[PDB]
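What you see below is based on every heavy atom in this structure, not just the backbone, and it leaves out hydrogens, waters and symmetry mates. Below, chain A is the first sequence line, B the second, and so on; all start at residue 1.
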Amino acid sequence: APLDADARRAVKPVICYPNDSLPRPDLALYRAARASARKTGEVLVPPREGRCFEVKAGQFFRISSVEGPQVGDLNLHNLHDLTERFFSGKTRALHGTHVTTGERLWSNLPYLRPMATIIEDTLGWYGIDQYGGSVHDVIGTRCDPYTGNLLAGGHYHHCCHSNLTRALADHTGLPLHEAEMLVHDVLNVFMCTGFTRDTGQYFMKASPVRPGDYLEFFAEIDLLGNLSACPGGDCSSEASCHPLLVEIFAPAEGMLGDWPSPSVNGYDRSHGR
Amino acid sequence: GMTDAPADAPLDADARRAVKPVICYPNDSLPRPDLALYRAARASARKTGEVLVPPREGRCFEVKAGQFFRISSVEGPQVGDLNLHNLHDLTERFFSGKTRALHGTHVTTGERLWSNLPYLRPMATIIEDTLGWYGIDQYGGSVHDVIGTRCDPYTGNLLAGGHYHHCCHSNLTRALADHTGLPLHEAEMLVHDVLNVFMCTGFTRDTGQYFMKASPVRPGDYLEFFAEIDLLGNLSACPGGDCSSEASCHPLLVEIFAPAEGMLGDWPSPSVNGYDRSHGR
Ligand SMILES: [Cl-]
Ligand SMILES: [Cl-]
Ligand SMILES: [Cl-]
Ligand SMILES: [Cl-]
Ligand SMILES: [Zn+2]
Ligand SMILES: [Zn+2]
């Protein structure tokens, strides 16, 4: 180490995207609208499977724990343009390692707009535990068969990556391997994870989720949702798996007033050319 | 009594918080690179080329399987945003997410840059890191991150308004287009989440927010790689400079070295991942 190592290490952090820089969603408006809302549908995702669901702009979707503790891997697309999809990396940069009430799931470049806003999180109490763990992560990618093959050999077909691929292909009619390339880094719903403080390694731990817990979103745009009930179960392994319930709710007409769906990002896309 | 709300803490909150961490991908699970072989081959090697990346610009460089590329600090402290492609198949490119899962928030000597699904193989292995002494500082900061995405004009427009054309996303896009002859917006869709070379960053301990801090890099420092497959690299000298703002920018130097004949012995260039790709169908 150089002689000024201590000074270098002591230089203070600057948050990259401070909270006061972010646009503020109208959570009050969304909540009042949700109080007005009626259930319009549901999808039960069986253990170790994926299912797609559709949600219109201005509607709500809830993911609930049922039967036993189980984590879900969520993907989102613009219903009318599958290439616009959830961007966990910018969501992470804007909000942090994990997401909760008042935060947004952002779309990929060049679209970069809010796709959904979290309006309730029954595990919102969790915070950051003594190990650096929190729930609803935007730091993993998704369990996948390629990694499985790399590390253990073999071919396992019910990793979240495959579950999402099949669900997407079935819902859209896309060829399986075309649907595969639109599957993206997930929101790890109910998963309790972090980075070790001593080595910076990605860790998991038994999820604090219990039946009855839920995470609820306001759809900012028309969405195709895609959810996998992870074969890791509650991720307590050193797995017993359960379904996940998706419910859709629609507010009474007029309750959102003049609220407009967010527009796609306005950057001129010239890149200096 | 007082009534409970859906999000209120349960009586066993602290018990649930006390449940111990389990590392998702333990290091003993990973294939071990033959770092000694790579290093012996590097000590034999001769320089074959260099690319000087100007400040606020991107440049591509090509490296063959079995060769080495070094990114060096020159003139003053400056971070670099790296992208990698299979030279012969630009769709296969660096996957910061799985690299992060397998190695951690930041990378160093002996760790690999892994490609995207369905290819998932080592693209490059880090063989020297002159900042390896840094470790993890008192704030959770380390160098060479695989947790950011890249500074980009869309986020700029979102947060500040306006149109700024020398963010790393744009610099990588022009560089890739210019090297490959791809149309600009086609090249753009192949740009990917970066390796943040020399950048000192982490997540805050109290809120889990992404932070940066002045880089500990100084002229002379470098990060050196062994190319596992034929690569098209793409490196942007970030307009953040040393990312010490609460920017003075400098070039970055990429140099390529080729080992003496026979020096890689029986090392095989990794093949694409072996999963059957059926997904059960
Ligand atoms: Cl096998
Ligand atoms: Cl089971
Ligand atoms: Cl970023
Ligand atoms: Cl403007
Ligand atoms: Zn999974
Ligand atoms: Zn940058």
Does the pair [X]/[Y] count as a salt bridge with the N-to-O cut at 4.0 Å?
X        : Y        : answer
B:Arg218 : B:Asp221 : no
B:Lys213 : B:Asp137 : yes
B:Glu228 : B:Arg112 : yes

With a 4.5 angstrom heavy-atom cut-off, could you sort out which part of [X] is near chain B: side chain, backbone, both or neither?
X        : value
A:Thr141 : side chain
A:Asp185 : side chain
A:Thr165 : side chain
A:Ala10  : both
A:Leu109 : both
A:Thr147 : both
A:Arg269 : both
A:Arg273 : side chain
A:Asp198 : backbone

Could you have a look at [options] and say which one has the most heavy-atom pairs with chain B under 4.5 angstrom?
options                               : answer
A:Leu94, A:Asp170, A:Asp121           : A:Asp170
A:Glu120, A:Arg92, A:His158           : A:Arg92
A:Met181, A:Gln201, A:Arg142          : A:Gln201
A:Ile139, A:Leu123, A:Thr83           : A:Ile139
A:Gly212, A:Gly89, A:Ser207, A:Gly200 : A:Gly200

Taking the ring centre of each residue, are B:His169 and B:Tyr154 less than 6.0 Å apart?
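Yes, ring centres under 6.0 Å apart.
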
Under a 4.5 Å heavy-atom cut-off, does chain A meet the side chain of [X], its backbone, both or neither?
X        : result
B:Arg121 : neither
B:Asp4   : neither
B:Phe203 : side chain
B:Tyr119 : neither
B:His106 : neither
B:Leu158 : both
B:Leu184 : side chain

According to ring-ring contact (aromatic ring centres under 6.0 Å, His included), who are the partners of A:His184, at least two apart in sequence or on a separate chain?
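Result, ring-ring contact (aromatic ring centres under 6.0 Å, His included) vs A:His184: A:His77.
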
